[PDB]
Amino acid sequence: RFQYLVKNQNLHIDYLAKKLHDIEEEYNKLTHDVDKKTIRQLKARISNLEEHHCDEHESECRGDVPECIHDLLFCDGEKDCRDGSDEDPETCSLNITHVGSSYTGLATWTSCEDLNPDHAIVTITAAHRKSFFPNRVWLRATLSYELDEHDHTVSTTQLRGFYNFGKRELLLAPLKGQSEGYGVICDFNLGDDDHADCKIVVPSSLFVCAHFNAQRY
Amino acid sequence: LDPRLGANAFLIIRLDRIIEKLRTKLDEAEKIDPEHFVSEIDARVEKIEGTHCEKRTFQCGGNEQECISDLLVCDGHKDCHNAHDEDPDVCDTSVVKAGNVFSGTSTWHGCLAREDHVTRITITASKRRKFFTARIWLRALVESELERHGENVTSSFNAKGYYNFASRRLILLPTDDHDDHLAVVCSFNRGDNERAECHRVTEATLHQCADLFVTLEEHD
Amino acid sequence: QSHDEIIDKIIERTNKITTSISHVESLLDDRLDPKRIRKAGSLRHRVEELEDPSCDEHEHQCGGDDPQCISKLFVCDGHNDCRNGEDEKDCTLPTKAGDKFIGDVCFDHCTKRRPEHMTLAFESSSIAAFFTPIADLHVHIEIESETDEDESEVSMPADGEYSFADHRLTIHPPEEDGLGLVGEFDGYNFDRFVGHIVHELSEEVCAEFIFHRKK
């Protein structure tokens, strides 16, 4: 008889292990948890519209309480803020100019060459950071974009320039005696260290030759 | 009679009650879902950020972006480089499949001055010529439940018009109507296919009047 | 040996089911957690402030999913005016007596003592019984200065009012210098506000502070 009362459990449980396992689907047939990465880089797209009391030639700090501090004082080795935002690896991280990284995204040309939209990459050939003036990362690059003739071909400028931790914006320039002298300005003001809004410019006027919103692979 | 089994019973009764509490708070899921919400913002920010494109042309977006003329959007041919234009999430043939009904109220700050009331457009027809696939020609019926006085009197009329894939906005003009009946124009800027911003406009100048919002009435 | 060896493999499963159920009841409460709706709400409001106001002038926008534009004097009026019913949900006042806010400076051109950072406390909130969109306050404002010479102090009392309408609180000038402090919450948060000082006569932003509640 205890064998009957035992068999009564087995059944009565297995109807619940079937009833929960039924809910398991109805829970997982609703929406995913929306990874931290999209909301991270959504909040940024707002932060580029709400106006800054900070003027040009300076860069607001990263933290709770916005201050407005001059651009040569980041990654310095001395805290110049209220909270000392300038010492934290949320800023000093070099992940963006490590040698070999490369950005891309097809470019529209407005001002010169009128080539019709075709891919364009930026790449970083060698980076140096001088021990005594850690404010800037000096670096060299090579811009490359697809001329459209017949066969798939590419003209290849060659570059040098600095990366500014303030603006978060690396900016490059043509070297000298290089065919079709252009320069490039990449602003990483979005949330993550990837994606950008670049622009190829003429080196004198900073006049906007070609605008391409670039990612990283 | 025998212990250990007698205790195990009470666990099953509690457990049977806690499986019901899930079902009460299971319907509170889907009430506020995040995956749907971020779409609401990301789309709403994506206006004031500004379309880099100029003047009624379709803007690709992603790794790369550039203009394409509105008449190639969903044509069955690759037009953008990364094919954002021939995709399901943009093409999404049916937000106007016949039988859908939209409803909602309308304030009036323009002409035809009257009290605030409820309206509901219902889509009747749909067509897509498989040679020129780019737009959806469609019919519909427009309902007004206003109370003038002495009764609840209900206006109605039929309206033709079309629906862009590029701009995601349908437009209805009244047909064969000697009577006034001011035309309606929607837009589905929400990135989601339930809600919509509309405002009724004079057919010529296209300046606004009567801003109204609508919701997709529940299917089935 | 099989007797008692069969019953042990029941109670073992009974547990191993209540895990599979009490796991999913907590893992479900994640999506329903109160803080998620709160924190994400804040973000919703900051984008709407960046856009232009859809209402008209002194009017207030109650619409959740179907905008209805109502005048400012009917929020927490005491009865239903917005046809949603969304203007009566909010009559709970957020700031209770004993609550103490401490700000840090953002920038300061209205220079009495140009303090590093200043403090704000609530003597007592009070509600005029009959008509309550506005609920008056007593507030100290403490400022602990330092210079070459002196370790001066200050605590001037004043009286403001918090308005359920647009979520702003005000402080009427504590001294005759005519510096009003204009608090502004986002509406969904109440641990911090971006409130900043104003020349009461001229309506000009002079100095900002970012206050926090202390816990």
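Residues numbered from 1 in each chain as written, not as in the entry; some residues may be left out. Chains lettered and ligands numbered in written order. Part of a larger assembly, values for the part shown. Heavy atoms only, no water. Residues with missing side-chain atoms left out of burial classes, pairs and counts.

Notes on the overall build of chain A
1) Next: Along its length, chain A carries 3 helices and 14 strands.
2) Next: Its C-alpha atoms give chain A a radius of gyration of 26 Å, clearly above 17 Å, the size a compact globule of 217 residues would have.
3) Next: The principal-axis extents of the C-alpha atoms in chain A amount to approximately 100 × 55 × 35 Å.
4) Next: Of all intrachain contacts in chain A linking residues separated by at least 6 positions in sequence, the fraction that spans at least 24 positions is 40%. (Helix = DSSP H or I, 4+ residues; strand = E, 2+ residues; numbered from the N terminus. Rg over C-alpha atoms; globule rule 2.2 N^0.38 Å. Contact = heavy atoms within 4.5 Å.)

Describing the interface of chain C and chain A
1) Next: Taken together, the contacts link 21 residues of chain C with 23 residues of chain A.
2) Next: Elements that contribute at least two residues to the side of chain C that touches chain A include exactly α2 (8–32), α3 (34–50) and β3 (100–107) of chain C.
3) Next: Taken together, the residues of the side of chain C that touches chain A break down into 13 nonpolar, 3 polar and 5 charged. (Nonpolar A, V, L, I, M, F, W, Y, C, P; charged D, E, K, R; others polar.)

Observations concerning the UniProt feature "coiled-coil region" (unreviewed entry) in chain A
1) Next: Summarizing the sequence annotation, UniProt attributes the feature "coiled-coil region" (unreviewed entry) to residues 13–52 of chain A in the numbering used throughout.
2) Next: Within residues 13–52 of chain A, the helical portion is 70% and the strand portion 0%, while the C-alpha atoms at the span's ends are 62 Å from each other. (UniProt positions renumbered as here; feature names shortened; annotations may be inferred.)

Examining the pairing of strand β4 (residues 118–125) of chain C
1) Next: Pairing geometry for β3 of chain C and β4 of chain C, over 3 bridges, is antiparallel. Paired with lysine 100 of chain C across the two strands is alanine 121 of chain C, which belongs to β4 of chain C. (Pairing = 2+ DSSP bridges.)

A word on a positive patch on the surface
1) Next: A cluster of basic residues, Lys43 of chain A together with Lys35, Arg38, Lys39 and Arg46 of chain C, forms a positive patch on the protein surface.
2) Next: Here the positive patch gets 4 residues from one element, more than from any other, and that element is α3 of chain C.
3) Next: In this fold, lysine 35 of chain C is placed in helix α3.
4) Next: The exposure class of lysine 35 of chain C is partly exposed, given its relative accessible area of 39%. (Patch = residues over 30% accessible without salt bridge, like charges linked within 9 Å, V, L, I, M, F, W, Y side chains within 5 Å. Areas by Shrake-Rupley, 256 points an atom, 1.4 Å probe, with all protein chains shown as cover. Salt bridge = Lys/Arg side-chain N within 4 Å of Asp/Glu carboxyl O. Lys, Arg positive; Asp, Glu negative; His and termini not counted. Charge placed at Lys NZ, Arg CZ, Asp CG, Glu CD. Buried < 20%, exposed > 50% of the residue type's maximum accessible area, 1.4 Å probe, protein only.)

Side note on a negative patch on the surface
1) Next: On the surface, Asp22, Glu24, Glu25 and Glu26 of chain A together with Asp27 and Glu28 of chain B cluster together into a negatively charged patch.
2) Next: Within the secondary structure, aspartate 27 of chain B sits in the loop between α1 (5–24) and α2 (34–48).

What to know about the environment of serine 69 of chain B
Residue and element names in this part refer to chain B.
1) Next: As for its position among the elements, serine 69 is in strand β2 (residues 67–69).
2) Next: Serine 69 gets classed as partly exposed once you look at its relative accessible area, which sits at 45%.
3) Next: As for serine 69 and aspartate 89, which are separated by 20 residues in sequence, their C-alpha atoms are 19 Å apart.

Examining the interface of chain A and chain B
1) Next: Between chain A and chain B, the residue contacts involve 27 residues of the former and 25 residues of the latter.
2) Next: Contributions of two or more residues to the side of chain A that touches chain B are made by α1 (2–28) and α2 (36–47) of chain A.
3) Next: Sorting elements by how many residues they give to the side of chain A that touches chain B places α1 of chain A first, with 10 residues.
4) Next: The residue inventory of the side of chain A that touches chain B, partitioned by class, reads 14 nonpolar, 10 polar and 3 charged.

Some points on the domain arrangement of chain B
All names here are of chain B.
1) Next: For chain B, the assigned domains read domain 1 (1–50) and domain 2 (51–220).
2) Next: In terms of surface lost to domain 2, no three residues of domain 1 exceed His36, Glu40 and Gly50, which account for 65% of the buried area on that side.
3) Next: Where domain 1 meets domain 2, there are 1 salt bridge.
4) Next: The salt bridge partner of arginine 190 is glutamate 40, with a shortest N-O separation of 3.0 Å.
5) Next: Run the count over domain 1 and domain 2 and you get 3 residue pairs in polar contact.
6) Next: Residue composition of the side of domain 1 that touches domain 2, grouped by class: 1 nonpolar, 3 polar and 2 charged. (Domains from an automatic or database assignment. Buried area = accessible area lost by both parts, 1.4 Å probe. Polar contact = N/O pair within 3.5 Å; in protein donor to acceptor, adjacent residues only side chain to side chain.)

A closer look at the pattern of salt bridges
1) Next: Within the structure shown, the criterion is met by 10 salt bridges over all chains.
2) Next: Between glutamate 145 of chain B and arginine 120 of chain B there is a salt bridge; the shortest N-O distance is 3.7 Å. Placement of the pair is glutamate 145 of chain B in the loop between β5 (138–144) and β6 (155–163) and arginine 120 of chain B in strand β4 (residues 117–123), with a sequence separation of 25 residues.
3) Next: A network of salt bridges, in which partner residues are shared, links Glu40, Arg44, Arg190 and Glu197 of chain B together with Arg44 and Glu51 of chain C.

Notes on the packing of α2 of chain A against α3 of chain C
1) Next: Look at α2 of chain A against α3 of chain C: their axes get within 11 Å of each other, and the N-to-C directions meet at 25 degrees. Of the possible angle classes, the one that applies to α2 of chain A and α3 of chain C is roughly parallel. Considering only the axes of α2 of chain A and α3 of chain C, their crossing is left-handed. Here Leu42, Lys43 and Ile46 of chain A of α2 of chain A lie close against α3 of chain C, whose contacting residues are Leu43, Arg46, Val47 and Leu50 of chain C. (Axes fitted to C-alpha atoms, helices over the stretch in contact; angles between N-to-C directions. Parallel < 35°, antiparallel > 145°, perpendicular 65-115°, else oblique. Left-handed = near helix turned anticlockwise from the far one by under 90°.)

Description of the UniProt feature "binding site: Ca(2+)" (unreviewed entry) in chain B
Residues and elements named next belong to chain B.
1) Next: Those residues carrying the UniProt feature "binding site: Ca(2+)" (unreviewed entry) are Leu72, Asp75, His77, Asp79, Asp85 and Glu86 in this numbering.
2) Next: Assignment of secondary structure puts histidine 77 in the loop between β2 and α3 (88–91).
3) Next: Discounting residues that sit within four places of it in the chain, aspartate 85 has contacts with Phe58, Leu72, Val73, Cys74, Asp75, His77, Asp79 and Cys80.

Digging into α2 of chain A
1) Next: Counted at 1.5 Å a residue, the expected span for α2 of chain A with its 12 residues is 16 Å, and the 17 Å between its end C-alpha atoms agrees.
2) Next: If you check which residues of α2 of chain A are buried, you get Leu42, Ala44 and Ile46 of chain A.
3) Next: Tucked into the core, α2 of chain A has its buried residues touching α2 of chain B together with α3 of chain C. (Expected span 1.5 Å × (residues − 1).)

Considerations on the side chain of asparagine 164 of chain A
Residues and elements named next belong to chain A.
1) Next: Relative to the helices and strands, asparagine 164 resides in strand β9 (residues 159–164).
2) Next: For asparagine 164, a relative accessible area of 7% corresponds to the buried category.
3) Next: One polar contact links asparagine 164 to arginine 136, side chain to side chain, over a distance of 3.5 Å.
4) Next: What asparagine 164 contacts, discounting residues up to four positions off in sequence, is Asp71, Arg136 and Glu169.

Points about the pairing of strand β3 (residues 102–106) of chain B
All names here are of chain B.
1) Next: Counted residue by residue, β3 has 4 buried out of 5 residues, so it is predominantly covered.
2) Next: In this structure, β3 lies alongside strand β10 (residues 211–216), joined through 3 bridges in antiparallel fashion. Looking at β10, one finds that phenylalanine 102 is bridged to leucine 216.
3) Next: As defined by bridge partners, β3 adjoins β4 across 3 bridges and the pair is classed as antiparallel. Paired with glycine 104 across the two strands is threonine 119, which belongs to β4.

A look at the domain arrangement of chain A
Interface size is often expressed as the accessible area that is lost when the parts come together.
Residue and element names in this part refer to chain A.
1) Next: Considered domain by domain, chain A is made up of domain 1 (1–51) and domain 2 (52–217).
2) Next: Distance between the C-alpha centres of domain 1 and domain 2: 43 Å.
3) Next: Contacts between domain 1 and domain 2 engage 7 residues on the former and 7 residues on the latter.
4) Next: Grouping the constituent residues of the side of domain 1 that touches domain 2 by class yields 1 nonpolar, 3 polar and 3 charged.

Some thoughts on the environment of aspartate 114 of chain A
1) Next: Tracing the sequence through the fold places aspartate 114 of chain A in the loop between β4 (108–109) and β5 (120–128).
2) Next: The spatial distance from the C-alpha of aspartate 114 of chain A to the C-alpha of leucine 147 of chain A is 10.0 Å, given a sequence separation of 33 residues.

Re α3 of chain C
1) Next: Between the first and last C-alpha of α3 of chain C there are 26 Å, a value that for 17 residues agrees with the 24 Å anticipated at 1.5 Å per step.
2) Next: Sitting at the amino-terminal end of α3 of chain C is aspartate 33 of chain C, which places a side-chain oxygen 3.0 Å from the backbone nitrogen of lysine 35 of chain C.

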